[PDB]
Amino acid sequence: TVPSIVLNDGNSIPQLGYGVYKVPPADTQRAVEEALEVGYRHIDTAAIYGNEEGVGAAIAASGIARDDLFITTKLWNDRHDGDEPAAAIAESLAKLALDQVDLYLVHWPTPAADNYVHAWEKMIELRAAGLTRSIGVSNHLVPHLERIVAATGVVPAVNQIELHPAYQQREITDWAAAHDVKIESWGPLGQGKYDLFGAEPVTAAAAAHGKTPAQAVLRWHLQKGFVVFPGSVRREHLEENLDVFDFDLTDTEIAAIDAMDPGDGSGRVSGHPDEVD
């Protein structure tokens, strides 16, 4: 059993899902079929991942009822302009072989291109047309968010950003809570870019519950109310990552993990929105 959370638009989303980022396209179908089998229902993909087909194929292969699944895809940086958003989403839909997706995201803000507002406008139209159930963004900074909302009056259901113990983007998460936008933690486990599992706050919490560090970290995101979809191809980790609704961390435990953030942005492991396209 994976609990769901409710969006500002009333739609619900499973709090834990399976992200297929990094999964080679030729292997995505197996990977998803396995997650599916494991009990995963929320699939996180993206057009840029070039593996929507595999996901779609996996879905179809599973006997699974459409309504029981949560499918997320994202709008690539080069499709912000004109009616490209509608073209991009249609392509995605065709790959997934779905009528519509559950959630659709503006992959990156590409501020320098100053087309993220236009993208947002088009996104709204996509939802209106029923191409997607909900809409959100990704990698959007506070100013990005203010601007889109100001321009449209429509608030993203979510903001998918890089988030883990060493790099929390508190300003964003704070803004989100104030605006009722849910947070999707990408790279929830640091992408192996640093010794997260070695962190003492992490080991203390895991040990304190008879869980793994990965599990404890996952629990922290969850408890903080964020949405997670860690990547993994090992069934051992799949099952493991699913086994986190069984327990809960103490406030003290959470607080200790929260202290891991240097507060200077030095804990970042991936690309910054001001730098991507």
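From 1 onward, residues are counted along the sequence shown.
Once the C-alpha B-factors are averaged per stretch, 200-208 and 172-180 rank with 200-208 first.
When 28-36 is weighed against 59-67, 59-67 comes out higher, by mean CA B-factor as recorded in the entry. When the Cα B-factors of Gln223, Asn241, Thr250, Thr45 are read from the PDB record, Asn241 comes out highest. Per the deposited coordinates, the residue with the largest Cα temperature factor out of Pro188, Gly130, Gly192, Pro109 is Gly192. Per the PDB record, residue ranking by Cα B-factor puts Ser4 in the lowest third of the chain. Remark: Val227 belongs to the lowest third of its chain, ranked by C-alpha B-factor as recorded. When all modelled residues of the chain are sorted by CA temperature factor, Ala214 is found within the highest third. Compared with the other modelled residues of the chain, the Cα B-factor recorded for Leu96 ranks in the highest third.
Residue-level temperature factors show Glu162 in the lowest third of its chain, judged at the C-alpha atom.
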